[PDB]
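S.K.: Pasting a structure below so you can have a look.
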Amino acid sequence: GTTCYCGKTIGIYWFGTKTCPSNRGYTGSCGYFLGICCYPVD
């Protein structure tokens with residue numbers, strides 16, 4: 001699954017974009033392998 005934990009926060013791994021879709025409610029983002037882990041998973 002595209003689930004990635006940043007520290008202890010459950011984030012979602014977006015493969016294909018560098019921008020967290022600002023239509024969810026993300027607070028933080030981790031630069032992941034060719035993708036971005038945006039948390040929390042909203």
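Cβ coordinates come from backbone N, Cα and C, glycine included.
Per Swiss-Prot, the feature disulfide bond maps to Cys4-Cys37, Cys6-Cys30, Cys20-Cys38; the stated evidence is experimental evidence.
Looking at the shown structure, can you explain where the listed features end up?
M.R.: In this view, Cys4 (disulfide bond) is surrounded by 20 other Cβ atoms within 10 Å of its Cβ, with every protein chain counted.
Under DSSP, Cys30 (disulfide bond) is assigned to a strand (E or B) in the three-state scheme.
Under a cutoff of 8 A between CB atoms, and with a sequence separation of 6+ in the same chain, the neighbours of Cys20 (disulfide bond) are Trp14, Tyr26, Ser29, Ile36, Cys38.
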S.K.: Under 8 Å between C-beta atoms and at least six apart in sequence, can you list the same-chain neighbours of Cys6 (disulfide bond), or say none if there are none?
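M.R.: The answer is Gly28, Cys30, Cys37, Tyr39.
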